[PDB]
Structure formats: structure tokens, C-alpha cells
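Peer 1: Following this message is one structure expressed as C-alpha cells.
Number of protein chains: 6
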Amino acid sequence: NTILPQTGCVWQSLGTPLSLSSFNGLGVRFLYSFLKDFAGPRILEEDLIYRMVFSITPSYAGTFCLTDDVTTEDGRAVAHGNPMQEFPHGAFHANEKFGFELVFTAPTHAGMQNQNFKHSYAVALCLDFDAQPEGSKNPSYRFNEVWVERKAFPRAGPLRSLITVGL
Amino acid sequence: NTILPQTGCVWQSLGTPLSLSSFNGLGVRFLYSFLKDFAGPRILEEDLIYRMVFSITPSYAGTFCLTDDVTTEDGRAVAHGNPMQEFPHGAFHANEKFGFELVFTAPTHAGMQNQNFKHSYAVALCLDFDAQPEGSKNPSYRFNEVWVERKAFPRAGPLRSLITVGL
Amino acid sequence: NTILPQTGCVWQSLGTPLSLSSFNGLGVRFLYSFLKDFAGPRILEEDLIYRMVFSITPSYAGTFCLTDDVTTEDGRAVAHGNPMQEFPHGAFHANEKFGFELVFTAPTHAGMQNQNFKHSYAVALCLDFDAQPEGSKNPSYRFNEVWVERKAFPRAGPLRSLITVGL
Amino acid sequence: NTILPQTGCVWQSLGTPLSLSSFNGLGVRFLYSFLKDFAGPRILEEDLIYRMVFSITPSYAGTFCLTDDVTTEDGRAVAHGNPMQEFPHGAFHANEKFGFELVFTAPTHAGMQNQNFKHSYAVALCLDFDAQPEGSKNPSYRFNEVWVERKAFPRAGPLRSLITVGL
Amino acid sequence: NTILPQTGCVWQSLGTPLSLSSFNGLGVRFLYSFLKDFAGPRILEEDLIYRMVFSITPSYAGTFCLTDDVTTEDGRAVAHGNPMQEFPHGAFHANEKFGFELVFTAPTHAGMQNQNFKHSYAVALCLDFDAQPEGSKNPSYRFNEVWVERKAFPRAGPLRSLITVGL
Amino acid sequence: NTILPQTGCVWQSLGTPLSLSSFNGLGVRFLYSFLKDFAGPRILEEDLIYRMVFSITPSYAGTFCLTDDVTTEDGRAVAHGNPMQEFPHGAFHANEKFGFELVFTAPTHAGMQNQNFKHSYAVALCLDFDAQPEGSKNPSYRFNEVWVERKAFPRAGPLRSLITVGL
Numbered sequence: 070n071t072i073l074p075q076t077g078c079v080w081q082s083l084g085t086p087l088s089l090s091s092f093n094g095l096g097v098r099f100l101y102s103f104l105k106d107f108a109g110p111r112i113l114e115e116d117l118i119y120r121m122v123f124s125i126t127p128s129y130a131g132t133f134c135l136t137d138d139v140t141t142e143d144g145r146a147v148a149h150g151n152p153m154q155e156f157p158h159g160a161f162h163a164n165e166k167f168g169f170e171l172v173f174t175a176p177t178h179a180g181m182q183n184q185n186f187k188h189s190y191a192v193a194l195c196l197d198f199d200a201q202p203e204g205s206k207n208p209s210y211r212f213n214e215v216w217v218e219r220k221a222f223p224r225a226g227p228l229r230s231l232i233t234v235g236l
Numbered sequence: 070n071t072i073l074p075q076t077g078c079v080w081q082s083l084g085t086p087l088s089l090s091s092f093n094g095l096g097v098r099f100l101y102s103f104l105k106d107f108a109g110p111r112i113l114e115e116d117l118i119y120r121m122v123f124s125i126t127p128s129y130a131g132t133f134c135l136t137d138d139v140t141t142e143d144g145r146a147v148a149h150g151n152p153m154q155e156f157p158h159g160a161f162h163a164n165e166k167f168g169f170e171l172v173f174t175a176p177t178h179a180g181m182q183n184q185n186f187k188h189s190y191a192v193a194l195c196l197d198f199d200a201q202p203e204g205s206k207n208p209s210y211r212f213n214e215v216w217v218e219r220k221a222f223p224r225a226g227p228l229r230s231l232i233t234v235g236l
Numbered sequence: 070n071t072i073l074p075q076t077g078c079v080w081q082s083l084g085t086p087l088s089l090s091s092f093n094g095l096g097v098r099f100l101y102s103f104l105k106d107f108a109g110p111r112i113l114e115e116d117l118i119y120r121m122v123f124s125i126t127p128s129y130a131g132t133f134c135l136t137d138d139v140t141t142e143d144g145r146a147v148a149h150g151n152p153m154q155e156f157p158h159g160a161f162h163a164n165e166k167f168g169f170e171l172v173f174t175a176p177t178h179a180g181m182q183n184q185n186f187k188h189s190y191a192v193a194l195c196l197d198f199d200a201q202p203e204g205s206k207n208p209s210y211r212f213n214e215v216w217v218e219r220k221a222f223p224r225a226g227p228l229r230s231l232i233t234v235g236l
Numbered sequence: 070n071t072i073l074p075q076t077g078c079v080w081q082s083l084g085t086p087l088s089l090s091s092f093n094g095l096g097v098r099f100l101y102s103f104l105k106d107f108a109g110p111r112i113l114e115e116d117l118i119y120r121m122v123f124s125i126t127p128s129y130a131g132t133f134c135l136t137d138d139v140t141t142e143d144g145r146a147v148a149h150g151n152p153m154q155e156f157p158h159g160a161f162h163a164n165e166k167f168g169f170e171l172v173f174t175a176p177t178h179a180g181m182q183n184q185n186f187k188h189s190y191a192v193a194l195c196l197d198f199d200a201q202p203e204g205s206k207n208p209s210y211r212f213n214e215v216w217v218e219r220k221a222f223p224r225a226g227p228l229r230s231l232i233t234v235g236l
Numbered sequence: 070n071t072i073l074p075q076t077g078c079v080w081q082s083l084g085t086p087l088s089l090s091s092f093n094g095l096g097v098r099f100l101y102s103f104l105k106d107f108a109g110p111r112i113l114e115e116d117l118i119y120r121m122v123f124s125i126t127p128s129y130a131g132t133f134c135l136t137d138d139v140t141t142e143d144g145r146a147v148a149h150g151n152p153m154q155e156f157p158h159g160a161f162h163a164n165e166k167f168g169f170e171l172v173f174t175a176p177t178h179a180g181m182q183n184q185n186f187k188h189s190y191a192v193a194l195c196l197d198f199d200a201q202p203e204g205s206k207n208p209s210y211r212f213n214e215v216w217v218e219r220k221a222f223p224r225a226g227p228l229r230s231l232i233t234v235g236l
Numbered sequence: 070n071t072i073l074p075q076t077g078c079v080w081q082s083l084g085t086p087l088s089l090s091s092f093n094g095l096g097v098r099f100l101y102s103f104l105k106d107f108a109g110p111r112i113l114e115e116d117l118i119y120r121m122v123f124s125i126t127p128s129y130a131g132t133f134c135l136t137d138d139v140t141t142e143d144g145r146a147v148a149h150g151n152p153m154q155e156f157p158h159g160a161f162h163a164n165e166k167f168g169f170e171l172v173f174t175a176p177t178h179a180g181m182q183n184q185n186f187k188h189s190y191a192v193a194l195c196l197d198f199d200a201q202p203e204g205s206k207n208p209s210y211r212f213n214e215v216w217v218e219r220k221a222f223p224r225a226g227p228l229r230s231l232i233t234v235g236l
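If you read the sequences in order, they're chains A, B, C, D, E and F.
If you read the first sequence in the entry's author numbering, its first letter stands for residue 70, the second for the next number, and so on.
If you read the second sequence in the entry's author numbering, its first letter stands for residue 70, the second for the next number, and so on.
If you read the third sequence in the entry's author numbering, its first letter stands for residue 70, the second for the next number, and so on.
If you read the fourth sequence in the entry's author numbering, its first letter stands for residue 70, the second for the next number, and so on.
If you read the fifth sequence in the entry's author numbering, its first letter stands for residue 70, the second for the next number, and so on.
If you read the sixth sequence in the entry's author numbering, its first letter stands for residue 70, the second for the next number, and so on.
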């Protein structure tokens, strides 16, 4: 029924949905913007990340890809490069849900340390919207679920400081 | 740092805060009203319940107790009986946080099945507010945390149906 | 001298006598009305019940039987079906004592869970009084003893909270 | 939750409450008056008695003690001696509950045979009430619980003579 | 030739066909309405249910699904929610036979106790009929077979009470 | 509670009641007329039959017996021979239920093959009604239960062809 984790790993959810705008025909969002928001326990610089799973609902049609080259000079991201070919890509229709999973690896081991997603491994997620009518409206999009696979940590409980009265 | 569960148990949280009113000088809330709201997995009729932990913030001063006899005839609960003496009781001040833990047991085993909290084991939680001024305002109260200790179930993950595109 | 219980069971008494009326020629009383009154420890929904023993003293003559079909539309029970043939039946005389024992079983094990006596196993006890004189008086009846066979629980003692002074 | 009995003993209750009067400023009651009233099985002359537990609710203030010397000449007990110092003693307030436990021993073994509480071991319980107003009212007192610890006997059951009809 | 049961289970049939009406464009029937009708032996509250198999013949075209949310306010069921995705769904044509099998499970074991189909697991079966002509006729439907998989119980035989004469 | 089958046998019921007429003072029915109607699985020519159990309700008084000689020339059976003395016989009253069991054997083994009940082992069942009033009414009779003991065959299930839709 659910995707199973590896031998010593667990899954963790982001917790809240989020909505963004088109902002000049395409939307770009770096993977380190998502990773700095998990808060059950936070993620440290040297923590290995194994997988990620997404779920988006757009309001138009277009294509998506994962790219490393992103050209921008002020605010808006204006252009990007060619899709990388170890991460999925494809096209989507309006008001339909699509989702994918990413796998991360290093030349000598499985996983990637959290600090590397900011130096030398700065992958981004780009959505391309096609139509260009004069009278129009910026096609927005909304994230419904974000998951990350980490090393196993203990389950949450209640704090002893909660108990003031006694028996 | 946190309260540890028993040998084969786990903790589970209710998820959202809630606020109620005084409603004629005292507030009563049966424990089966709380138990029908847990939703990670739901609780079934024959599931054993071991403990509970609470956290409330009132807006006046008074006393609290756990009682089995509750007299009511329409809507409002008007009067209650004497506090049971295997569950805590005490007094609280205005705008201060107090919390306690409950333990449940049977004559032959530890725990209590969920269905019994509605027949023959219908415990309630009662808050008594003292002052009676003519010009006044119904002292409200707010729950900040509710936890229950259950049998161990597997951790949540993402659903395979989330993935539409592929590599 | 006394009836012996099974290998891991004990007997328990109801504690108090009770008297009822004829109420239109016959009296009906469901077995779940008796079982909700035992109070040494109370009985829970999933507790297995093995046997029962009764003792009644009527004030007229008639017949008794255990039946599952009972027709009633408001208050009074007006008519019943045919006696079941795994439970006793017979006739009685006025101001004489009669008593019997019942045995309960399931298709795969001995006993019956307490909750079932309310759904799909709702047996009732019916007393039929014969005479129909114009000038008359409702023949009453009185229970002298009720016993149930349960799983073994520990004997009653005194509570530590009883002792205030010390040596 | 409850006081545990010794290795081969059981507890037994007296069954009914009882109320007495002050009767000239103090009330005296010998322990053999209580012991001749237990009736589940009765107590025989050579049965060893181990402990006793009491619970009283008075209607005034005063002191209580266990004494062996009691002076009386007709009806009323008029004066008593000094409290023994292997049994508790203390003071009590009006309309409050107090209780204690007694331990009995012999120079060579634990316990005391029932017949001795009448010859050479005739302990009594005395309640002293203090105030002496002209306009007054005899301070009464009421026993709420009496328990005795005995040798183990089998649990009560129903009698075979109860069953007249059959299957 | 036939579907095989699990290691310690048996199949049982409902015995009789049944016909219903459309009643404002859709028909809803809770699974606990079917389960209270098996009568070879009846089903008790704590009996585990493993599977079910159906067979229906409609008189129009439409779709079917299993849903937990059903909105109704008096008699008629007026609207329902979204189909659950662990139970089948699809479309059917007029005067053709379709059938399916359901599987039930819990977070820790296989099966579901009979009492849960009424609290917190109240699944329903809904049939949607499409056409809306002014001159029309309520599309009826008819059940041809209903089966349930249970724990093994012994085969039926004749009762000794049948034999009156002898050799 | 029920009659137990032999070491490798099972019981099977006929399924439906049936009513017949008196037809000139006596009714005759050969045992092969009953055996050709069982239909769960049908019975083959070489299948061994061990026992049979009956249950009839008449509308008059008379006698019954099992006989091999039956004289008839057209339709009606007019006369029969003497009762066999390895099968029961007796008398019955009006509107009362009577029933019996038959045992079948061969000179070298237990049982009798189904084909033999038509050649050389053609037993019949005859009911004799006594009264002969001019103004009268043909005394009818009705079978309530018929059972046969066979070799063990597997329990019924549902057919795979029932399932058209899928998950």
C-alpha cells in the first residue's frame, strides 16, 4: 500500500501545503529551500539524504524537469539549461495531479549530505508553461505532499515538563 | 527528556487545539469524546488503551477532578459527584498551565478496551469555577496537548498511487 | 453441599432481592437487565459468562420458559414465541419455590461474551399466569437468589486509604 | 490499592453499619461483641485471629484508646484505665473519618485464639468526648467498616437444593 | 473451479435473492445490513470477517463504488463522497451481470471484527444511474449471490429431538 | 445436540418440504423417489448410502411401516405386505410429529449402493389411515425434513466466473 524504506531508514513529511506563482512564464525552486523547512527534528549539515517524493497540482499545461544550470540576475529566474537524465521529466495537463520520486547517489556511496545541495550539487525544479496570450493570468501551482528519506530517529513523545499536578 | 512508553507501546498525539466555554459555572467532557477524534490510524472497539496525558490553560481559578457520576437533563451538565481517588485532582490559577497523566487498569490485566469507556467505565473530566459576580464573563479553557498510549503500529509513509510519471 | 465451579472460574451473587408485577397476564425480563446490576466488580463487554442460577417465589400457578422472540409495542410485553429447547421449562404452583440453572455455549467454544446478550442472543425469561377472573389481583413474583459464573478475580479487601492514625 | 493478607490468610467484612450513643460522656465496646457477629462462616473458639481494621465517624471531638481495665457496676461504663502502648491512640475532630489497624500476638506465635478475647485478653475500645455544656446532646458515633483477617476458607457458592426443575 | 479459502476458513452463503429500487437516482446499502442476515449460525460481535463476494443484475447503465462518506437527512440517501481506492469500482451496462470481491484488513492483522462495520469502519455500496428523462422508471437492481469468509465451524446435521419412534 | 456421523461421512439435507394425499386410504412412496432429488452434488449409481432420517406431520391417525412387497396395477397403490423387522414401525396421532432413522447394510459390508434401491432392494414407505366415514376428506401428510449420510465431499464455495470487474 505504501512505499517501503530501506534497511535502516524512515520517512518524514513536510507538514503543510504551499502555493506559488508563475512569475514570467516559469517557476524555479531549489531543493535546499524545501530541505530547510522540515522541523520534526531538523536536518543537520552532515545528514545523509536518500530519496524525495513530490505531488503538485498546476493550473495550466506544460513540462517539468530537474536542471543544475539556472540563469538569473535579479529576483525572477529567466532561463534554465537542459534537463538532467538521471531525474524524471515529462508533461502535465491543467488541474491534474502528477508526482515523482528522486534518487540521490555519490561516486562511492548511496546518499548525499545535506550541505552539498548548496555547493556543487545545487539542483533546481523548473516548471515551464506554454501559452502566451495577451489577456492572461499567471498560472499558479500548489504542492500537496513532500517526503524525505533519512536515517532512523526515535518517535515523538510528550515532555515530562507537561506534568505539574500529581497523584 | 520525554516520557518513555512501555515494552511494546507507542505514543500518539491528537493534532489540534480546542477551546470550550464555562456554560453555567462548570465544564464537563467525557473521555470518549476525545478518543473518537484520533485519526492517524483510528482506534477500534477492542483496542487496549494504557495512559493519557493532558495540558489545559484556563482563564480563571478553580478545581478539577475525574468523576463517574454526572447529573444532566438537557444539554448543560448541572452537577457531578465526588472525585475518584485513583485519578489526580487539585486546584489551578488563572492563565497558568497545568497537566496530569491518567493510568487505566482492569481487575485482571493492564489497560482498558476502547468500547468500555462508553458502558460501565464512563469517566468524565469536570472543571469547577468559583466566583459568582453579577457582571461577569464565562471562563473559557483551551486544550494544548492530548496524548494516548496504544499498541505499536507501523510508521506512516507515502502512497504508491502518488507516483504517476516515471524514469 | 454446593455446586462446584469449573477449573478456573468463581461464583458471584447479585446481593439483593427484587419484586415485580404480573402486568397483563405475563411477565418478561431480559437477561441483560440482570447482568448490568452485578457490582462487586462490574462485568465488561468482552467478559465470558458460563452459567446462571435462579430462585423465584410466585403467588399463583402457571408455566415458565426461555424464549428469544418477544412481541411488544409499548411498555407491556404482550406475547412471546415458542420455548427454546436447550433451556429448561415447566410449571409451578402458588407460594412454592422453584429454581433452575442455565448453560451458555458458542459454536466453537464454551461461554458467551456479555455484549452478545444484547445483539443476536437476546434471550428473555417469561412467566405465564393462567386464571382470568374478573375480580382478581395481579400475580406478583419475587427473586430470591441470582448467581453467575465468571473468570476468577481476586477476593475483596480493605483499602489503604481507610487508615489515618498510626502507631 | 488494597492491604494484602499474609501467606495463608483472607479478609472478611462485617457487612452492616451500626450506630451507638455517648451514654454519660464516653462509649466502651469490647472486641468480643464485634467478633460474635461475623456470619459468612462463623468463628469458632479455637480459630486464630490476626488483624482488625476499623472506620468510625463521630459527631464531636475527643480521643480514643485501647484499654484492658474498664470500671463499671451497672450498665454504663463509667471509667477506664490507661491506654495500652502496642495499640494506636490519638484524637479526632467532629464529622471526620478516622481509622486504624490492630495487630495481635502471643508470647510464642502470631495470632490470638478467639476464646481468649473473653478470658485474660479482654481488650475494649473507648471513646472520650470532652465538652460538658448544660444544654447539650449525647455525641453519637457510627461504624462504617469492620474487617478481620483469618485462615483461608473456600468461597461461597449456590446450594444444590436450589434446583428443582431440570432439563 | 471455485475460489479456495485460506488455511483455517470456510465460505457461507446468504441464501436468498433480494430486489431494491433506485429511489432518487442512486441506491445505497451499508455492509452491516447484509451481515445481520446470515443465519446458518449467526455472526457475533467479535467474529473476524475476511472477504466478501457479490453478484448484481441492474436494469440500466451507470457506475458503482465503495465509499465511507454518505450524506443523508431523512430516508433517502442523497449524495456520497469519493470512491475508496482499496476497493474496486467501474461501470456496468443494462441487464448484464457484474461481480467483485472485497478484502478487509487492519493495521496489525488480517480481517475486521463484525462490530467495527458499525463504528469507524462503516463502508457503504453505492450505485449511480445516469439518465434523467422526464418520462422514466426507477432503475431497479437485484442481488443474486452474497458470500462471506469466516472462521471454520462444524457442518450442519439433524437434531436428536427429531427421532420419536424407535426400533 | 446433533447426531454425529461416522468416521469418514457427512450429512446432507433435501432442502424443501413436500405434501401428498391419501389417495384411497393409504400412501406409498419408494425410497428411490427421494434419492433422485438431492442436488447439492447429485448421487451417482455406485455411491454408498449409510442412513436416512425422516420427519412427517399427518392429518389423521394410523400406522406406518417399511415393506418390500407393494401390489399395484394402475396409478394408485392398493395393498402392501407385512412390515420388515429391521426397520421401525408404529402408530401416530393426528397433527403430531413423528420421526425415525433407517440403517442399511449388506451381507459383507456396511451401506448399500444407490443403484440397488431399484433392483432387488426396492423398499417403500407406507402410511395406513384407519377411519372410513362416508362424508370424509383425504388425510394428507407433509414431509418436514429428509437427511442422508454419504461419503465426505468438499464444502460449497463461489465460482471464479462470478468476478468480472477487478482491482
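All C-beta atoms, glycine included, are put in the ideal place defined by N, C-alpha and C.
Are the stretch 107–115 of chain A and the stretch 215–233 of chain A touching by the rule of at least three beta carbon pairs closer than 8 Å?
Peer 2: In short, these stretches touch, since the Cβ pair count reaches three.
Peer 1: Within the 9 Å Cβ cut-off, does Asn70 of chain D reach chain C?
Peer 2: As a working mapping, residue 70 of chain D is identified with position 1 in the fourth sequence. True, the Cβ-Cβ gap to chain C drops below 9 Å.
Peer 1: Which same chain residues, not among the five before or five after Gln182 of chain D, have their C-beta less than 8 Å away from its C-beta?
Peer 2: Residue numbering aside, residue 182 of chain D sits at position 113 when the fourth sequence is read from its first letter. If we look at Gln182 of chain D and ignore the five residues flanking it on each side, its Cβ neighbours are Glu114, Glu115, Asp116, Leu117 and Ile118.
Peer 1: Can you check whether the C-beta of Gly226 of chain E is within less than 9 Å of a C-beta belonging to chain F?
Peer 2: Along the fifth sequence, read from residue 1 onward, the residue named residue 226 of chain E stands at position 157. Yes, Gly226 of chain E counts as interfacial toward chain F.
Peer 1: Report buried or exposed for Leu194 of chain F, applying the criterion of at least 16 other Cβ atoms within 10 angstroms of its Cβ.
Peer 2: As a position in the sixth sequence, residue 194 of chain F is number 125, starting the count at 1. Burial call: buried.
Peer 1: Of all the CB atoms in chain D, is at least one closer than 9 Å to the CB of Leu73 of chain C?
Peer 2: Taking the third sequence and counting its residues from 1, the one referred to as residue 73 of chain C is at position 4. Answer yes: the Cβ-Cβ gap between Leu73 of chain C and chain D drops below 9 Å somewhere.
Peer 1: Assess contact between the stretch 75–88 of chain F and the stretch 151–169 of chain F, defined as three or more Cβ pairs (one per stretch) separated by less than 8 Å. Is contact present?
Peer 2: The stretch 75–88 of chain F, when compared against the stretch 151–169 of chain F, does not touch it at the 8 Å Cβ threshold.
Peer 1: Is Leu83 of chain D close to chain C, meaning its C-beta is less than 9 Å from at least one C-beta of that chain?
Peer 2: Your numbering for residue 83 of chain D matches position 14 in the fourth sequence. No, no contact with chain C.
Peer 1: Using a Cβ cut-off of 9 Å, which residues of the stretch 116–142 of chain A contact any Cβ in chain B, in chain order?
Peer 2: So the close ones are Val122, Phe123, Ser124 and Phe133.
Peer 1: Just to confirm my understanding: we take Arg111 of chain E, look at its own chain, exclude 5 residues before and 5 after, and list those with CB closer than 7 Å. What are they?
Peer 2: Taking the first residue of the fifth sequence as position 1, residue 111 of chain E is located at position 42. Cβ neighbours of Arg111 of chain E beyond the five flanking positions: none.
Peer 1: Quick one: which chain A residues come within Cβ less than 7 Å of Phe103 of chain B?
Peer 2: As a first step, residue 103 of chain B is located in the second sequence; it is residue number 34 there, counting from the start. Residues of chain A passing the Cβ test: none, with the nearest at roughly 15 Å.
Peer 1: Assuming contact is defined by CB atoms lying nearer than 9 Å, are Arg219 of chain D and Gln81 of chain D in contact in what I supplied?
Peer 2: Here residue 219 of chain D refers to the residue found at position 150 when the fourth sequence is read from its first residue. Here residue 81 of chain D refers to the residue found at position 12 when the fourth sequence is read from its first residue. Closer than 9 Å, so yes.
Peer 1: Tell me whether the beta-carbon of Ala160 of chain C lies closer than 9 Å to the beta-carbon of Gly131 of chain C.
Peer 2: Residue numbering aside, residue 160 of chain C sits at position 91 when the third sequence is read from its first letter. Residue numbering aside, residue 131 of chain C sits at position 62 when the third sequence is read from its first letter. Closer than 9 Å, so yes.
Peer 1: Output the distance between the C-alpha atoms of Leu135 of chain F and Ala179 of chain F, rounded to the nearest integer angstrom.
Peer 2: Locating residue 135 of chain F in the sixth sequence gives position 66, where the first residue counts as 1. Locating residue 179 of chain F in the sixth sequence gives position 110, where the first residue counts as 1. Using only the alpha carbons, I get a separation of about 20 Å.
Peer 1: Using a Cβ cut-off of 8 Å, pull out every chain B residue sitting near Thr233 of chain A, in sequence order please.
Peer 2: Residue numbering aside, residue 233 of chain A sits at position 164 when the first sequence is read from its first letter. Within 8 Å Cβ-Cβ: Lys166, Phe167, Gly168 and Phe169.
Peer 1: According to DSSP, is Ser82 of chain B helix, strand or coil?
Peer 2: For this step, residue 82 of chain B is matched to residue 13 along the second sequence. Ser82 of chain B falls in the strand class under three-state DSSP.
Peer 1: Any residues in the stretch 195–228 of chain C with a beta carbon nearer than 9 Å to a beta carbon of chain E? Which ones, in chain order?
Peer 2: From the stretch 195–228 of chain C, no residue has a Cβ closer than 9 Å to chain E.
Peer 1: Within 10 angstroms of the Cβ of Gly96 of chain E, are there 16 or more other Cβ atoms? Answer buried if so, exposed if not.
Peer 2: In the fifth sequence, counting from the first residue as 1, residue 96 of chain E sits at position 27. The residue is buried, with at least 16 neighbouring Cβ atoms inside 10 Å.
Peer 1: Starting from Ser102 of chain B, trace the alpha helix (DSSP H) both ways and give me its first and last residue.
Peer 2: The residue labelled residue 102 of chain B in the question sits at position 33 within the second sequence. Its alpha helix (DSSP H) spans residues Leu100 to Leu104.
Peer 1: Among the residues of its own chain, which have a CB less than 6 Å from the CB of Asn151 of chain E, if the five just before and after it don't count?
Peer 2: For the purposes of this step, residue 151 of chain E is taken as residue 82 along the fifth sequence, with counting starting at 1. Correct list: empty, nothing qualifies.
Peer 1: Could you have a look at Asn93 of chain F and say whether DSSP puts it in helix, strand or coil?
Peer 2: Start at 1 with the first residue of the sixth sequence, and residue 93 of chain F comes out as number 24. Three-state DSSP puts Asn93 of chain F in coil, outside helix and strand.
Peer 1: In chain C, which residues lie with their C-beta within 7 Å of the C-beta of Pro110 of chain E?
Peer 2: For the purposes of this step, residue 110 of chain E is identified with residue 41 of the fifth sequence, where counting begins at 1. In chain order: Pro176.
Peer 1: Sort B:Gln154, B:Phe103 and B:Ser128 by Cα distance to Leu236 of chain A and report the nearest one.
Peer 2: Here residue 236 of chain A is taken as the residue at index 167 of the first sequence, counted from 1. It is B:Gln154 whose Cα lies nearest to the Cα of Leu236 of chain A.
Peer 1: Among the residues of its own chain, which have a CB less than 7 Å from the CB of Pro208 of chain C, if the five just before and after it don't count?
Peer 2: Reading the third sequence from its first residue, position 139 is the one you call residue 208 of chain C. Excluding residues within five positions, the ones whose Cβ falls inside 7 Å are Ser91, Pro127, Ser128, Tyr129 and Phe198.
Peer 1: Tell me the DSSP secondary structure of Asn183 of chain C in three-state form.
Peer 2: As a first step, residue 183 of chain C is located in the third sequence; it is residue number 114 there, counting from the start. Reduced to three states, the DSSP call for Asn183 of chain C is helix.
Peer 1: For the beta strand (DSSP E) holding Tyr190 of chain A, just list the boundary residues, first then last.
Peer 2: Counting from 1 along the first sequence, the entry for residue 190 of chain A is found at position 121. First-last for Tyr190 of chain A: undefined, no H or E at that position.
Peer 1: Is the beta carbon of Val79 of chain A closer than 9 Å to that of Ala221 of chain A?
Peer 2: Reading the first sequence from its first residue, position 152 is the one you call residue 221 of chain A. Reading the first sequence from its first residue, position 10 is the one you call residue 79 of chain A. Cβ atoms of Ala221 of chain A and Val79 of chain A: closer than 9 Å.
Peer 1: Counting only C-beta atoms, is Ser189 of chain E closer than 9 Å to chain C at any point?
Peer 2: Looking up residue 189 of chain E in the fifth sequence gives position 120. With 9 Å as the cut-off, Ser189 of chain E does not count as an interface residue toward chain C.
Peer 1: At a CB distance below 7 Å, what residues from the stretch 141–157 of chain D approach chain C? Give them in sequence order.
Peer 2: Those residues of the stretch 141–157 of chain D that come within reach of chain C (Cβ to Cβ, closer than 7 Å) are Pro157.
Peer 1: Using a C-beta cutoff of 9 Å, does residue 29 of chain D count as contacting chain C?
Peer 2: Summary: the structure shown does not reach residue 29 of chain D, with chain D confined to residues 70 through 236, and so no result is reported for it.
Peer 1: Within 9 Å of any Cβ in chain B, is that where the Cβ of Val79 of chain A sits?
Peer 2: Mapped onto the first sequence, residue 79 of chain A falls at position 10. Closer than 9 Å: yes.
Peer 1: What's the call for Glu170 of chain B, buried or exposed, on a 16-neighbour Cβ count within 10 Å?
Peer 2: As a first step, residue 170 of chain B is located in the second sequence; it is residue number 101 there, counting from the start. When all chains shown are included, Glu170 of chain B counts as buried.
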